[PDB]
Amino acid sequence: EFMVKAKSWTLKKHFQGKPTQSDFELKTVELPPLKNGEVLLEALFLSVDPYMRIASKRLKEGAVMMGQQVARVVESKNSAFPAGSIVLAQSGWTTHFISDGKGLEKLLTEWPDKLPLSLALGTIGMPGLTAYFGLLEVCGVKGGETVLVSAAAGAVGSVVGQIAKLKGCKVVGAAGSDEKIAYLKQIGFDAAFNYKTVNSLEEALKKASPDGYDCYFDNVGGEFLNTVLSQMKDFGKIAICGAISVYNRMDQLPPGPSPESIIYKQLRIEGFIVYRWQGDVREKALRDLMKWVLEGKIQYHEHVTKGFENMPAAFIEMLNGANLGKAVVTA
């Protein structure tokens, strides 16, 4: 018997504005031996996500940061999760974790070795499912429509654009760098603009689509959303997925949208949470995402930070827009 030392990232201090390296503190803990019905997990790939900026509020200062990871079962006294098997675990930022099967999800069966397991945290996982349902259910695209997506080169945004493309939609993206814009055009976005460098957001959205937009997949909220409303087609739909423009500054209230746009254009605005879709419909969506990736219809890119010690940085840099595609940390 050898002692397993689990390293964990803790919330040393609550976030003020943008998170900093010193808001985090590593702890090391010797784990106990497994009881029957339990497994020992070792992190392979750990996700960092925007929601961690929000969820960190409810944490008691000193607790382990929340999050999902892909982990290998090292030791098992649980027959549902044999040693060597791979699981999705809501175990937070930790190198090793003991579970009784509680928050454990088996990866899609028939998972191809050609596909990196870290895709289970992105395109073929929660962000991909958010994109799938937000676009296909909330916006309800069926072909011919013009779709705008913000944070277009991120984990959710990249999938939205490419699914909208395969559905026969015209797709416009807004992202935060020229490199991101170059990438977006090369994966099928019909138009893409850098939102930081616009002369006028109004004219940028006008140039991208002079006839306006059928669907806005909103990842950023704030004043971007407000400007978008003025350019929605009548009876247009806005899927409120996130509001990242207002996560680092939840204290500073964003100015009101135009009642004129919402009323005159008779717009529909709908917030959604990915977890709303369960059972058969969720499994089918995961199979769809898997198939579209295997068919090269959803290209993927992962923004990989190598090393568990670098996990705080990966999260900070992702919030600031360093990532093209899903931000993932390898142990």
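Just count from 1 along the sequence shown to find any residue number.
Fill in: Absent coordinates for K13 in a third or more of other compared entries
That residue is present in all of the other compared entries.
Practice prompt. Check whether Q90 goes without coordinates in at least a third of the other compared PDB entries of this protein that model residues on both sides of it.
Written response: no, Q90 modelled in all other entries.
Worksheet entry | Mean C-alpha temperature factor, higher of 20-28 and 312-320 | According to the entry, 20-28 carries the higher average C-alpha B-factor.
Fill in: Mean C-alpha B-factor comparison - 72-80 and 173-181, higher one
Result: 173-181.
Worksheet entry | Residue, from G212, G140, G125, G92, that the PDB entry assigns the highest Cα B-factor | Each of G212, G140, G125, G92 was compared by C-alpha B-factor; the highest is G140.
Item to complete: Report the option among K196, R249, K114, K233 whose CA atom has the maximum B-factor in the deposited record.
Response: Result of the comparison over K196, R249, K114, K233: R249.
Item to complete: Select lowest, middle or highest to describe the third in which the CA B-factor of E42 falls within its chain in this entry.
Response: Bottom third by C-alpha B-factor.
Worksheet entry | Ranked against its chain, the third holding the CA B-factor of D100 | Lowest third.
Fill in: Position of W277 among the chain's modelled residues by C-alpha B-factor, lowest, middle or highest third
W277: CA B-factor falls in the highest third of its chain.
Worksheet item: Relative to the other modelled residues in the chain, which third contains the C-alpha temperature factor of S245: lowest, middle or highest?
Response: Its C-alpha B-factor, which the entry lists for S245, ranks in the highest third among residues of this chain.
Fill in: Ranked C-alpha temperature factor of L34 among modelled chain residues, by third
It belongs to the middle third of the chain when residues are ordered by C-alpha B-factor.
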